[PDB]
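**Q** Any chance you can model this:
(7 chains)
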Amino acid sequence: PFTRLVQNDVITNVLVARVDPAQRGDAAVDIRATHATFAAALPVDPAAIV
Amino acid sequence: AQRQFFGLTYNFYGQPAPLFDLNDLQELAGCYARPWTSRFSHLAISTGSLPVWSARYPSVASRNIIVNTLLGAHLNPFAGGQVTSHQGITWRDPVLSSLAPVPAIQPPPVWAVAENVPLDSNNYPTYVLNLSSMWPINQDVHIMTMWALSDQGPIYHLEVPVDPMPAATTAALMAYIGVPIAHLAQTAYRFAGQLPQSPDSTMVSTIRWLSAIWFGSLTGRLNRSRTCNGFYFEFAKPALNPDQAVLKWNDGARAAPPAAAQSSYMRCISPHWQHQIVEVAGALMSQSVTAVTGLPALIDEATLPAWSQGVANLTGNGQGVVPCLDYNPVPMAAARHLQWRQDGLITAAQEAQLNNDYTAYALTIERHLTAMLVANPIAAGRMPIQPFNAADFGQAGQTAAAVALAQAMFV
Amino acid sequence: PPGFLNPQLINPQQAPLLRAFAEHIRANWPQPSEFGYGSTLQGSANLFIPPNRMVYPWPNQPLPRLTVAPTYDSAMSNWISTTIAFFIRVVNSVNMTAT
Amino acid sequence: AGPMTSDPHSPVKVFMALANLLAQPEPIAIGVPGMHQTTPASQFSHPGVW
Amino acid sequence: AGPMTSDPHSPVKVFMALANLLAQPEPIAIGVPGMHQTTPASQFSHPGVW
Amino acid sequence: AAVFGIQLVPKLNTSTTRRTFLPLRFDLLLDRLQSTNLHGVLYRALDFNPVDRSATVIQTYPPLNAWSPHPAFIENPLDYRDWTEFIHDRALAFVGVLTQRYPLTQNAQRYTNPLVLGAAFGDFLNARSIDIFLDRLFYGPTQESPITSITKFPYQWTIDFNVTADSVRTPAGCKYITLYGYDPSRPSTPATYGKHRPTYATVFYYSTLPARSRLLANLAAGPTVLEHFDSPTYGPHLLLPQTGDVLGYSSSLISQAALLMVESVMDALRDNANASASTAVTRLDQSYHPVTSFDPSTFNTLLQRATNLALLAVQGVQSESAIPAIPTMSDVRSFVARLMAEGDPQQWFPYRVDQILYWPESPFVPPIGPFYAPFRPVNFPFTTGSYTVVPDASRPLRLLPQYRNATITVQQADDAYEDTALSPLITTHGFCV
Amino acid sequence: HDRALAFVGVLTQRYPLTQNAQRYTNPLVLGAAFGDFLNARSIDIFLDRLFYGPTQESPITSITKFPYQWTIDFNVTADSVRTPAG
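**A** Numbering: from 1, shown residues only, chains lettered A, B, ... in the order given. Okay, here it is:
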């Protein structure tokens, strides 16, 4: 979802997990500690956009 | 789409607990997979190819029956608004995606056992809020309810409009000509199962017509001589295996539309349905339509088991009530054969022969089932086949009324 | 910055432009919208979004009927005009005039 | 050079010609659908589109 | 790699190591006369300087 | 009888009969537009300063409140004196168009479609052609609804007016207009809940329930959708608020949807506070109701809390203190602040997605639709009855003790005192002699 | 009048009144925090330590619990506090 100026709703991470954390006993852990993270960014140029 | 449904859990036949084994659950709904469209994964074109003749699940209907009983232990959110656990197993998530053993840290409350529990969608708001993903539950719950409401055969609904078929249905049916009924039933189940649809959709009307045509041919009113817009079903020889039918299209004279719109509810009154694929497929196909469009009207309580009397949103005895008819296959077969002779398709000598063959065929089914019941007494804790008494095979039911309806349905 | 979360913290007599800029941004930043795609008959591969739906950073409309033409009430056009108007106000501010 | 021509549609064409240049600051209504204030003025050649 | 070693002072050394890096953002009072949050962590090698 | 920071009296009160809708006759429409003065007829100034000749906030009325100004108007507002001149010009011109077609003597009896009229008028003063609408200005109320009369032409009429076989989509009109010199920061200015912005929301009228289902499926991914169940003005319709927020109303505790809820709740409270048996009203339940993207399980955001109160307000509850007829920014701020205070949420009536529960003992009377159903809370403390409000006092009050049979030991008395008393205190002597 | 009201809103966004009316404000912290506020400088560091229990310590000793440079104009040691005079 596209959030807009809502500080508490800013999406910091998109996550994916290959294994069931319940088996590892990670049921109560921070989600970031249990799921992989995507990290990709593209540096566009304002001048072309304008 | 359709934002609401109502349901009813199964009845315990005097037994204290829902009748299914942990192995049945682990077998029929395990693997952490989604159980919401599996009703056809264990069906095929004919009994000859299926392991319905021995061991566990020794009947055509056995697996689906067990499925219905299984759900009755886990549909609490639509009854009390809360997910619960039963014998250490519960849903993985509020979306009810799949089942799993309970966690050790914060178990959900244990379900208090009960039977014939009425169900409302509104009791569980998250369902509507996630309707797009939780849609398949609607179909299965409806199917379970349609079976739970009746002893012997499940209940399904029929209707025929005063208008001719639209072209879309005509084109669609012209592509399903040579298909056996079992494959057709799968598509109908597959269609309504996996994503929300509006009742004003071509497939919905298409399947609606199919159920009508199937019944009309089942009663023998629709034949090579007389057809609905050219379509009709053909049944296999009783001398080999009558439990099979396929679609056909023909030059025959087209039946005229009824004077007024006709509709009713149906069920098989005799235990033969439990081991007869055409009945199971026909019911499931017809029930699929009601799943997407909801119940047109309350079902008449007059001829239903005790627990079905006056179920809210399902059964009634008032003015806005549609009667439900029932039949026995053997008298039905005799009527179908008689209609064939009157239409001139066969001679009197053949009609007598056909009755002898079908009766002999049905006898084996009865003989197989009755022996199977004592092999699986319901006191064992699981119900692979619905209980019955020996006299249940002899009931004529409302068969005479049934053929009369087809008489009025395809004039 | 706290002022960016609540422009009222910025005293007008201390930082006139910045307070105006914050208000301009909070008021004219476009509104995300939504539309559908694909066919429900075929299903969809959406994970978080409901199936056969797509989100869209700007407001959106159905396809027009007759010929198109430039317009001036779209969200982007409004964003452009207000932005230009603000900077013009900046250029005429006392800070520029002195130099 | 408007009145010198014999085209009956000369006046409306002259009017629309300026209207194109002022579409941004000064908007007006155009009767028939499918035509806008930025439509090339030379196309207004029908009595029903005045 | 803390618990793998046999040095009894290893836990304290591990703790101080982070404390050194956080001297500016999270200053605290180390109640040991003669030591500071910026003392090299590896030198905390005795009881009583815990 | 308290919800978070809101205080409620134990008596229930609400009106008992609904006024039926009637469409506007063609002649009557011309009369309103031809009124020699349109203030108080087509619009009203909530802010007029008689010392000057100026106001800053205007409230609009049905023929006009459907308008959505083009942005060039918004970014450069005019003053009151220009406004009154501008309207009187446009009103007369619009009358001329309406009468150039449809001569009065042959059309006075016909009923105008309010939806078409609103859209047509709104485009007109937006300097946009309106010919497409004039063909369908009238409808026969005995034969169809203002909605179904339109769905005879299921296509995109214009870029801001799109109608399908079952539904119509159009931007919601601006109920308030801010003139030159508007300033939300001034606490005494009248509240507008952001409705002055041209595109604060969008409405979807629908003719039948399956259409309603179809619309919701499309909107499920966006912001929260709101709806009235009781009496949806011209017809059943959803509305989709703008996904942003509005400045000045709180410490940024707000999104647009919450604002619509909270002001709707206030209106519901105000009506309950002054409803009477002898007076019919257009609607018993003024509250909105969320139908998408909502959490019934949590109460840590304004939208959740407002909904939780609204479910109770429909029963006919009243606030312990009166709320202004024309609230200012300060008034709204006080209301929101109380609503966000720490406290328990009421749980007499559970939220349900698209059905509302009512107490049979409540004075409320359900409409014919399926959206309402009776319900029995186990320990509901309220009773039916009216309650009047007393003006404030200029003097500190004095009371005379009167006791129950209960009594308390000294130690409990002391410790209860020592943590509630202003133990060190500043006083004045006054004069003895 | 503008700054006073704004300062109140900050003080009430944290520390809701009904749970904190009885608490005593540290005058030193209050003065420093307010002074920075209308100097358009952030004050978050101060808000954590606005109150103190007068029966248990002094407004000074309540601060010396955090002996480090709080901000460029408010420096506190283990025994003393330095700040410009108002």
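**Q** List the contacts of residue F:265.
**A** F:287, F:306, F:309, F:310, F:313 (C-beta atoms under 8 Å, 6 or more residues apart in numbering or on different chains). C-beta here means a position set from N, CA and C on the backbone, and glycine is covered the same way.
**Q** Assumed it was part of a strand.
**A** No - counting by DSSP: H, G, I helix; E, B strand; the rest coil, one finds residue F:265 to be helix, located in no strand.
**Q** hang on, the earlier thing: now render the contacts of residue F:265 as TSV, adding secondary structure.
**A** Output for the contacts of residue F:265, formatted as TSV (three-state DSSP):
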residue	secondary structure
F:287	coil
F:306	helix
F:309	helix
F:310	helix
F:313	helix
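**Q** Of all pairs in these, which one is the farthest apart?
**A** Greatest spacing in the contacts of residue F:265, by C-beta to C-beta: F:306 and F:313 (9.7 Å).
**Q** Contact distance from chain G - what residues of chain B qualify?
**A** Residues of chain B lying close to chain G by C-beta under 8 Å from any C-beta of the partner chain: none are found.
**Q** what does chain B put close to chain F?
**A** B:1-3, B:81, B:122, B:125-126, B:128-129, B:131-132, B:196, B:198-200.
**Q** tell me which of those residues is nearest to chain G?
**A** residue B:125 (30.5 Å; C-beta to the nearest C-beta).
**Q** helix/strand/coil for the spatially closest residue to that closest one that is not a sequence neighbour?
**A** Using C-beta to C-beta, 6 or more residues apart in numbering or on different chains and skipping residues adjacent in sequence, the residue nearest residue B:125 is residue F:353, 4.6 Å away. Using three-state DSSP, the structure places residue F:353 in coil.
**Q** Pull the contacting residues for residue F:353.
**A** Residue F:353 is in contact with B:122, B:125, B:128, B:129, F:291, F:294, counting by C-beta under 8 Å, 6+ apart.
**Q** so who does the residue in chain C that chain A sits nearest to touch?
**A** Going by C-beta to the nearest C-beta, chain A is nearest to residue C:32 of chain C, at 3.8 Å. Listed by C-beta under 8 Å, 6+ apart, the contact partners of residue C:32 are A:1, A:2, A:3, A:4, C:55, C:56, C:57, C:58, F:222, F:243.
**Q** Figure out how far the longest helix along chain C is from the centre of its chain.
**A** Secondary structure of chain C per DSSP state H: the longest helix is helix C:75-91. Distance of helix C:75-91 from the chain centroid (C-alpha atoms, centre = their mean, to the nearest Å) equals 11 Å.
**Q** next structured bit after that helix?
**A** helix C:94-97 (DSSP states H and E).
**Q** So which elements touch that next one?
**A** Helices and strands touching helix C:94-97, by 3 or more C-beta pairs under 8 Å, 6 or more residues apart in numbering or on different chains; DSSP states H and E: there are none.
**Q** can you tell me which residues contact the most centrally placed residue in chain F?
**A** Central residue of chain F (C-alpha atoms, centre = their mean): residue F:264, 4.0 Å from the mean position. Counting by C-beta under 8 Å, 6+ apart, residue F:264 makes contact with F:286, F:287, F:288, F:310.
**Q** Switch the residues you listed over to a markdown table; also include neighbour count.
**A** Conversion of the contacts of residue F:264 to a markdown table gives the following (neighbours: other C-beta atoms under 10 Å in any protein chain shown):
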| residue | neighbour count |
| --- | --- |
| F:286 | 23 |
| F:287 | 25 |
| F:288 | 25 |
| F:310 | 23 |
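**Q** Close to chain D: what parts of chain C are there?
**A** By C-beta under 8 Å from any C-beta, the residues of chain C that approach chain D are C:66, C:67, C:69, C:70, C:72.
**Q** The third one is in contact with residue D:38, isn't it?
**A** Yes - counting by C-beta atoms under 8 Å, residue C:69 does reach residue D:38; the two are 5.3 Å apart.
**Q** is it true that residue F:211 lies in a helix?
**A** Yes - assessed with three-state DSSP, residue F:211 lies in a helix.
**Q** now it: how far from chain B?
**A** 10 Å (C-beta to the nearest C-beta, to the nearest Å).
**Q** Could you report the neighbour count for the closest residue in space to that residue that isn't next to it in sequence?
**A** Leaving aside its sequence neighbours, residue F:211 sits nearest to residue F:166 (C-beta to C-beta, 6+ apart; 3.7 Å). Residue F:166: 19 surrounding residues under other C-beta atoms under 10 Å in any protein chain shown.
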